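Comments concern the structure below.
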Amino acid sequence: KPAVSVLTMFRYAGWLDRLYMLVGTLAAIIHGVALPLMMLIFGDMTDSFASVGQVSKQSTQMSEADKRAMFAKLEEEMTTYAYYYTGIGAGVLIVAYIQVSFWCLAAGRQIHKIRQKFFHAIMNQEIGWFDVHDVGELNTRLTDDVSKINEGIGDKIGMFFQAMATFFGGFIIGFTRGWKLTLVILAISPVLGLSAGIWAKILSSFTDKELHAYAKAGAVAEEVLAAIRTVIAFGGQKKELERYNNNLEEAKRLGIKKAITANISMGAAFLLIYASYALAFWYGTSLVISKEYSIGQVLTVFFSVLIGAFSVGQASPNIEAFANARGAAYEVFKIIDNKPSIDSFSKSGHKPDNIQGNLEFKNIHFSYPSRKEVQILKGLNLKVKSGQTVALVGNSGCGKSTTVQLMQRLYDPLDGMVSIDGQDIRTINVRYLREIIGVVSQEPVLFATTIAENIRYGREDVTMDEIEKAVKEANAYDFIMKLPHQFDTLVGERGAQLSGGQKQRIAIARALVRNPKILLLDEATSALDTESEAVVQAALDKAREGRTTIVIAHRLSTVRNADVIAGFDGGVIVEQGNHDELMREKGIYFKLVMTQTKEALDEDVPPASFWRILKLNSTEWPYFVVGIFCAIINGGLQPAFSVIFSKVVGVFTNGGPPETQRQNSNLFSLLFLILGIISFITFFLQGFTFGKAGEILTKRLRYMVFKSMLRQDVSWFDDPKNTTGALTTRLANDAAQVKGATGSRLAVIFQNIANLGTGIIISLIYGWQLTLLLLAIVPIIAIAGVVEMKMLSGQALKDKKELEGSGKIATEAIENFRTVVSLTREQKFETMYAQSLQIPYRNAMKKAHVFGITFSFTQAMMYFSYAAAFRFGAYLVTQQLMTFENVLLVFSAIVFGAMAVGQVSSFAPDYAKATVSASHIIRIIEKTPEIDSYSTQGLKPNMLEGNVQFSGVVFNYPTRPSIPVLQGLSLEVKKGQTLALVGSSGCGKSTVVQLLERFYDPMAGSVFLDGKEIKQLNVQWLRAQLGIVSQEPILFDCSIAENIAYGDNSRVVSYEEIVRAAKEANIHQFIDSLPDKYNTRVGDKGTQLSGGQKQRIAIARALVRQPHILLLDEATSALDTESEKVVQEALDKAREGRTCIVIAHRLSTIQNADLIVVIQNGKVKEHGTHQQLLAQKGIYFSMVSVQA
Ligand SMILES: [Hg+2]
Ligand SMILES: [Hg+2]
Ligand SMILES: [Hg+2]
Ligand SMILES: [Hg+2]
Ligand SMILES: [Hg+2]
Ligand SMILES: [Hg+2]
Ligand SMILES: [Hg+2]
């Protein structure tokens, strides 16, 4: 992975940026050291209480003279401690605000310069850069990668310096307060980073191993879901379900292990930190007994050292964000610093005023930059006199267009020169070069605006009268004036779709507005109907007037009118001259003449569910039984520590027998280790209870999901929201994440209720008023913890929804780059981009202020909490209310328990995302289709007859109930006779075939098979004897024998049936000859096949089941030569003795049909045979006269 140097990345930082960064980091430094100072003042606080305990504990000395030396002493000490706590907090809000504000600010100001300079950099690039680069990743890189460079030069590094200031501040306060104890804890430290390091490598080994493990099942997932139509047709839903399942109990089982190791890792971490507590307290409290360190110092160095150590843990991801940001900026700064060969953005050449118009190509040797191994132009020599129209022909290769592309100087020639008049094309300015050169490309392109605005892109300073005039010159004035909103009518991609000739003529107007002295026409009339070609060419012929024109047309009808015809054979121009010469010489030209004669849309719709999801995992009780008790133990483990922590510092503050200090000390420290051991047990156990659970729940669930997915109707697969990728994504992620909302949530809710629950009872017995204070303060801060991520992600989505405006501009300008560069007008797009960007950048200031005051509001309060609880608590202890040990207990129970529920909440996956991903699963499963392929009801007769009849039957597609397809057409087909379906296009030529295959239910009317209604028949059995052949046949990546035998399921096909169906489809000759026989894989993973052969396989497939009805729907549209003969030759022998329905556009093979039905609109207007419908002189007579 690449990476820019650090110094290089902040290049766009100015005076104010460097100022903001230095001041921000300086605030982050002093903010970072606030917390350790808070621990120092906490130790100096506890030392004051430990003095008041031991005197009032043993016997009785002075009752009236205690209140002056104890009660009055602690008040005087706390009145200062409160000023220290509150002072520090008051500083915290200030420096935090400076920190986040200034950083988010300066970073934003740099990002604003970066995205702009990046966009200009892209526009500045030449077309050769676009040849080697995918535009798709380029367009997304402007949004994703710049937003990614934004993160990591913002608040992230302010928090990095804060975390490091906390590290250094913690170790400095540690060593400053204690020499030995800090060394002891730090001696325990290396065993943690080594443990965290090894366990992070273990699960990440299984994580990357899981991805290519399910990819095997996801392979058959998309293969089926893509081919589903052919699946439901052949009903292999049983076999495809089994095939999908076979790869499931292979992948997830491997995931079980990872789950377990992840829990073991977490348990190891807790064991080790608990061991650190036990050890540090064992040494510290043994150290206070020899009267070296005080009680407060042990707490001070322990807390400052721990905090300083965990500070690294909180500095790791922030520095990570900065790391990939430099990796992201390499690609972007590469494009910016890239200066193109053709600029094209400034003027450095000449701008001739003659401007004359003579074209010359002298010795042009050129090859494309993408493929340099192949040379296109080899010594091209071509001259065009003034105002002369030259046509290029020869059907050589890309070279024709290359000349056009060379002429507007998109590419510079490898050898030789293109000269307009006496000067080279390179000696003249590019912008001015393309202003004097007009171009009309093969595919017309209009931007999404008014017609007028599409014209303005041709030239900006155009008055409305000039626009109209230019439209009238383009014969486009007629239809524009018929448009509803006239010249203000929208066009382009979205809204108001126009026909190709109209779109092209608007473009011609656009080019005519620039008034170029040279006009280039590259396949202008191509890909157009003969009716629009007339008008477009009518405009073009009038656009060639007084201009030097070089024209390329595939259709040679419009070529002859040119002044000079130049032929292309290979890379060199051979024959050049007038029409009569090129006919008389019988060259290439003469040969050509004789031969041519959805993400957001998903999660929004589902309602529900609350705790219904647990029923999905309810298949396994025992795991949950052990899991709840387990989670209760690990949960009640936390209040235990609040007691034992208070008991250690309690033995040194509350006084008591010194001979019992050691005895108790070693008890409680050791106790902590026990407390660690048990915590290791829980995480080992939970991993075997909920850990397996959610995985089993996954496998079974995917199975279930997939089954229901095949149960679904075809109309459900037509729903735009359910795509093969969306279904495979639903199946891959949402199904597996459901476990986040089942057992994990019970674990979280039980560890939480055990912790804060039992802890609150304990703190309620040992404290009354203080407990009531903390259960007030804590929830208030918790809500602040919620609002923090509410206003953070809330204004984050708002910032993106206001950036989609620019994203549209840059997207449209990049996707059509090859078009805009021909019209210049790049700088115009830059202008529109900056104008679009000015709005979100004006909100960046307010953004920073809001983020600042919010971060400071969450953080400031935190210190003030301490300041409240300890002031009020000291007020409690100073009086008859006891004691201090219980103050510290209540505090540690409620507060550390509150943080503990936060950690537990951060363990489990996102419950919201889990429930929403769950709802899609429960809905996909409980989804009952109209037509059910799984039903075991139905008639199942003996009668092999097979008479097809459509009576009434009016249908319209459920996806788009606009313009019904069948308006009640009726027909009939008896056994052995073949039906023929004729019409202008599809709907409902193919809808008949789909309806007989029962993919849909018509709204009114009925379709009968024999004497029975179809709806009465068994669903699967109906399709059991229906042969279906589509326009593009598909095979499964299994094998050939399986493909052929895929025709008939629920039966052993064996060698005999496959060879028997092979020999009649005439495919047996292609099998033995190609190594090897039947074992070969089709396709794309095996040996490729031509359309004809694969189609013959598709025939053999539908022929195995011995169907009494064949449905042939536009069978071979792409088949050519003699390949089409043998296919239909194999169809004709298998059509005898069967009911057949043929849809073809050929109309040549329909003449032999028994019945020919012409279907127009929604009904049947013509019925009869070929000669019968021919002698009728109806619409069939109009359609069959185009055969000549
Ligand atoms: Hg920011
Ligand atoms: Hg080309
Ligand atoms: Hg547990
Ligand atoms: Hg379609
Ligand atoms: Hg259709
Ligand atoms: Hg297969
Ligand atoms: Hg047929």
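Backbone-built Cβ (ideal geometry, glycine too); neighbour counts: all protein chains shown. Each answer follows from the model by the rule given with it, or from the source it names; these are not laboratory values.
What's the number of the condition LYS1133 fails, among (1) more than 10 Å from ligand 7 (Cβ to nearest atom); (2) surrounded by fewer than 19 Cβ atoms within 10 Å (Cβ to Cβ); (3) under 48 Å from the mean Cα position of the chain (by Cα)?
Only one criterion is unmet by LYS1133, namely (3).
If you check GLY193, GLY255, which single one turns out to be assigned to a helix (DSSP H, G or I), within 27 Å of the chain's Cα centre (by Cα), more than 16 Å from ligand 2 (Cβ to nearest atom) and not hydrophobic (A, V, I, L, M, F, W, C)?
Going through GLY193, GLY255 in turn, the sole match is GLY255.
Take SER990 and tell me if it is farther than 22 Å from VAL1019 by Cα and near ligand 5 (Cβ under 10 Å from one of its atoms).
No; evaluated as a whole, the condition is false for this residue.
Got a sec? Which of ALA810, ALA834 is of a type outside the set (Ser, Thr, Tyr), within 20 Å of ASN150 (Cβ to Cβ) and in contact with a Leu (Cβ under 6 Å, 6 or more places away or on another chain)?
The unique qualifying residue is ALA810.
Restrict the check to the range 1024-1031 and report whether at least one residue is within 16 Å of ligand 5 (Cβ to nearest atom), over 14 Å from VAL231 (Cα atoms), outside the structural domain of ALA227 (by CATH) and in a loop (DSSP other than H, G, I, E, B).
Within the range 1024-1031 (the criterion being within 16 Å of ligand 5 (Cβ to nearest atom), over 14 Å from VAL231 (Cα atoms), outside the structural domain of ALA227 (by CATH) and in a loop (DSSP other than H, G, I, E, B)), the answer is yes, since at least one residue qualifies.
Would you be able to say whether some residue in the range 1081-1094 is more than 38 Å from the chain's Cα centre (by Cα) and in the same structural domain as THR1139 (by CATH)?
no
Could you please find all residues in the range 662-702 being polar (S, T, N, Q), under 37 Å from the mean Cα position of the chain (by Cα) and away from ligand 3 (no atom under 16 Å from the Cβ)?
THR698
Among the residues of the range 306-340, count how many are out of contact with any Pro (no Cβ under 8 Å at 6 or more places or on another chain) and farther than 28 Å from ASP144 by Cα.
Within the range 306-340, residues that are out of contact with any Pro (no Cβ under 8 Å at 6 or more places or on another chain) and farther than 28 Å from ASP144 by Cα number 5.
Would it be correct to say that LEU710 is of a type in the set (A, V, I, L, M) and over 22 Å from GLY235 (Cα atoms)?
no
Residues that are under 11 Å from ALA391 (Cβ atoms): list the strands (runs of 3 or more DSSP E) wholly contained in the range 522-597 that include at least 2 such residues.
548-552, 564-569
Would you confirm, using the coordinates I've provided, whether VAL705 is within 16 Å of ligand 5 (Cβ to nearest atom) and assigned by CATH to the domain that holds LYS252?
Answer is no for this residue.
Out of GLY158, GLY178, I need the residue that is outside the structural domain of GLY1083 (by CATH) and either of a type in the set (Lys, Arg) or within 16 Å of ligand 1 (Cβ to nearest atom) (or both). Which one?
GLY158
Could you check, for the range 305-325, whether at least one of its residues is out of contact with any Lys or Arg (no Cβ under 7 Å at 6 or more places or on another chain), within 21 Å of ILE677 (Cα to Cα) and assigned to a helix (DSSP H, G or I)?
yes
For the range 477-519, name all the residues that are part of a helix (DSSP H, G or I), closer than 27 Å to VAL430 by Cα and over 39 Å from the mean Cα position of the chain (by Cα).
Listed by number, the residues that qualify are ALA509, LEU512, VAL513.
Look through the range 353-403, keep the residues that are of a type in the set (A, V, I, L, M), under 50 Å from the mean Cα position of the chain (by Cα) and not in a strand (DSSP E or B), and return whichever of them is surrounded by the fewest Cβ atoms within 10 Å (Cβ to Cβ).
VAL374
Among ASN358, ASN381, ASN395, which is the only one that is within 26 Å of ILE565 (Cβ to Cβ), in contact with a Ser or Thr (Cβ under 7 Å, 6 or more places away or on another chain) and polar (S, T, N, Q)?
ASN358 is the lone residue from the list that is within 26 Å of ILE565 (Cβ to Cβ), in contact with a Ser or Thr (Cβ under 7 Å, 6 or more places away or on another chain) and polar (S, T, N, Q).
Of all the residues that make up the range 137-176, how many are closer than 22 Å to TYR833 by Cβ and part of a helix (DSSP H, G or I)?
Residues in the range 137-176 being closer than 22 Å to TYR833 by Cβ and part of a helix (DSSP H, G or I): 14 in total.
Whether any residue in the range 309-326 is within 16 Å of ligand 1 (Cβ to nearest atom), in the same structural domain as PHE130 (by CATH) and over 30 Å from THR182 (Cβ atoms) is what I want to check.
yes
Just to be sure I understand, how many residues within the range 703-732 are over 22 Å from the mean Cα position of the chain (by Cα) and not hydroxyl-bearing (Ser, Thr, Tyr)?
11
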